[PDB]
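In C-alpha cells, the next block holds one chain alone, the form deposited in one PDB entry.
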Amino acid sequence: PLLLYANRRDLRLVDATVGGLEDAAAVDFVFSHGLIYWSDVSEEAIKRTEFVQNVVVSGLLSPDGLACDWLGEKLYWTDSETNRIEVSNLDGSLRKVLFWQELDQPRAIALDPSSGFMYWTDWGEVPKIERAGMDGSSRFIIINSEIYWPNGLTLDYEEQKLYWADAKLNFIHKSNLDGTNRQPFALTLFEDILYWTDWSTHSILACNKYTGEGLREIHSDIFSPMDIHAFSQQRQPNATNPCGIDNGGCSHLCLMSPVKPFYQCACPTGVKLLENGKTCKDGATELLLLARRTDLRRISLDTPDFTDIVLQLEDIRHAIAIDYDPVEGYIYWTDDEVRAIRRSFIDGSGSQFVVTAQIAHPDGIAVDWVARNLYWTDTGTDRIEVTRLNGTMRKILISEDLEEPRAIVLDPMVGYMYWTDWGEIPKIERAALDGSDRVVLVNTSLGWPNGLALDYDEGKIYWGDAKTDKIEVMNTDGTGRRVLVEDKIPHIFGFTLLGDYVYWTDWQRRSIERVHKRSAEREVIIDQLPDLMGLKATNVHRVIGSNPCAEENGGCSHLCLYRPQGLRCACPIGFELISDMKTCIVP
C-alpha cells in the first residue's frame, strides 16, 4: 500500500518501511488516467498533475475537501470558508455549486460513484457528518451524536462501511449510514489496514480495521499531514458509466445519482434546466453584473443561490461604472486608474480596450444597443462623450454649462438621454440623444445624485442620492415623485433596475440589497463581499425596441443620434457636416 498525503509545500508517497507550493490542505487522484489533484488554501486554487494545470481559481477562500469522481469523471470539493460544496468536470469546466445553504465549515469529502453518494463533515457550532446524492439529491444528516472536529472520511467499498476520525475527541469510529461502532487527523484504508495520522506523534500510525490491535508505525518525522489517502488502483473500483456513450443525453454535466437511471443531467451554476430535464438554457437569462474595484463578477437571478462567479479578467485596478450590450454579449466598464474603458464577454474572454485617451473620472457609462453607440460622463473634464461601441467616432456631446456629471442612461426607442449632475446647483437632466433639448427634470431636494435606472416598461425613472440618503421614483417626465426607500448611500454607488426588483449597494459597499419596486420588501442578496462600486442588472437575451438609426446607421456617415422629433447625423472631433446633413468631412 502506497500512502498519498497533502504535506503543505510538498506532495509525496510513502511505502511499507510535486513541490514548490504554499499550504496544501487536500489531495486526490484518478489512478486510471494517472491524474493528481490538490487544493491550495493560501494560493486560493486547485491544480492537477500527471505521473501542472489550473483547475479552479475563479474564487475560493479555503478549500479543504477534494474528491474525484472517477466514474462520472467529475471533481468535487468543499470550501470551509465560503460555506458551499461545488462540482465540476475534471479540468474545471462546467462548474456547479451543489450546496450552499445550511453549511458551517465543510471539510473532508468522499465519494462512492457506483452508488452515487457523497459524504462530508461540518465544523461549526453544530458539527455533523452528512451524505447526499452525487447530483445534490436528498441531503441526509447521518452523524450528530458526539462529534466535534470530524475529519478524514473514508469508505470501504469491499465491506460497505464508513470510517472517520475526530481531531478533538481522539477516536476512530466506523458506521455505514446508521449502525455505529467505536474502535488522529486524516485517515484512509487499503485492505485490512486503516492508516491514520496522529496530532501528537507526527508519525503515520496503522492498525487493524476490525479490532484495532497491532498499533504499528509506518513513517516517523511526518510533521504535516493535512490529508491522507491510499494510492492504489484498487482504491477506485471499476464500473461502467451509466451515462454511457454521450452524457446520457445531458447537454452539459452528467452527474452520478442514487435513484432512477443512476445519472442526472445538470447545468452550471445559475443556469436552469429545461422542460426536457436533459438540456440547459444557453447560459443564465437574467444577470446582475458587478464591478468591484479589482475583480468583476456576475450574479444570475435565475437561481436562489446567488453565486458571484469571478470573471477571468486581467488588470482591474479601480473599476467604477459598468454596463452591457445584449446584441453582441459585450460588457463595458471604466477604470479610474488605467483612465480607460474596457470590453469583454461574460466569460472574461475577448478582453479589449475601447477608449484610452482623455479620460479622468469616468463615473458613468451607457450602451445604446440600437444605434450601437457608447456614452460616458466624465467628472474630471466635465463633459459627456459618445463613440460607437467600437470606440471610434469620438465626439464631445455636452461640455459647456455642465458641471460634475455622474450616472447616465438612455431611452433609444423614445430618443431620450438622462444623467445626473452636481456642482453649484445639483440636478437630474434630460436631452435628446444628440445633446439637443437639454432640459432640467429635477431641480430641488437633490444633493448628490448617484444612480439612475429607467423602468422602460412603465415610464419610470429611479435615482438615489448620497447626501439625502433617499432612493426616489418618478415618471420619465410628467412627475409622480416619491421616495421609495430610506437608507444611507455610498459616494460611489452601484445602482440598477431589472424586472420587479431594484439592485443597489449598501453604505459600507459590503452587500447588495434588492427592493421589490412595487411593494417594499428588502432582502439582502449578497454579503461579505467588499469594495462594491457598480452594478447592471440585465436580460442577456431580451432586447427591447428600435428607432430609425438601427437601419444603415440612419444613412449617416459617422454618428447616428436619434431625437424624438427625428434624427440628426453627427461628426467626430475635427469633422464637420457637408451640404447634406448626412456626410461628415475634414474641413
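One rule holds for the numbers: they count along the sequence shown, beginning at 1.
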Original post:
Would you class the number of unmodelled deposited residues between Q183 and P184 as none, 1 to 3, 4 to 9, or 10 or more?
Top reply: 4 to 9
Subject >> Count class of deposited residues lacking coordinates, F51 to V52 >> reply: 4 to 9
**OP:** Could you check the entry and say whether 525-533 or 34-42 has the higher mean CA B-factor?
**Re:** 34-42
Original post:
Mean C-alpha B factor from the entry: is it higher for 216-224 or for 158-166?
Top reply: 216-224
Original post:
When you compare the CA B-factors of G478, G435, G72, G423 as listed in the entry, which one comes out on top?
Top reply: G478
**OP:** Would you mind checking which of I204, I365, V440, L253 has the top Cα temperature factor in the PDB entry?
**Re:** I204
**OP:** Name the third of the chain's ranked CA B-factors that contains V259, choosing lowest, middle or highest.
**Re:** middle
**OP:** Pull the Cα B-factor of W123 out of the PDB entry and bin it into the chain's lowest, middle or highest third.
**Re:** highest
Original post:
By the record's CA B-factor, is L561 among the lowest, middle or highest third of residues in the chain?
Top reply: lowest
Subject >> Record-listed C-alpha B factor of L90: chain third >> reply: lowest
**OP:** Select lowest, middle or highest to describe the third in which the CA B-factor of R388 falls within its chain in this entry.
**Re:** lowest
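A second form of this protein, the form deposited in another entry, is not displayed here; the remarks below concern that form.
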Original post:
Which entry in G283, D23, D378, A431 lies on the hinge of the chain, given the rigid parts move between the shown form and the other one?
Top reply: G283
Original post:
Shorter or longer C-alpha distance for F140 and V524 in that other deposited form, given it differs from this form by 3 Å or more?
Top reply: closer
Original post:
Did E385 and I492 drift closer or farther in that other deposited form, going by a CA distance change of 3 angstroms or more?
Top reply: farther
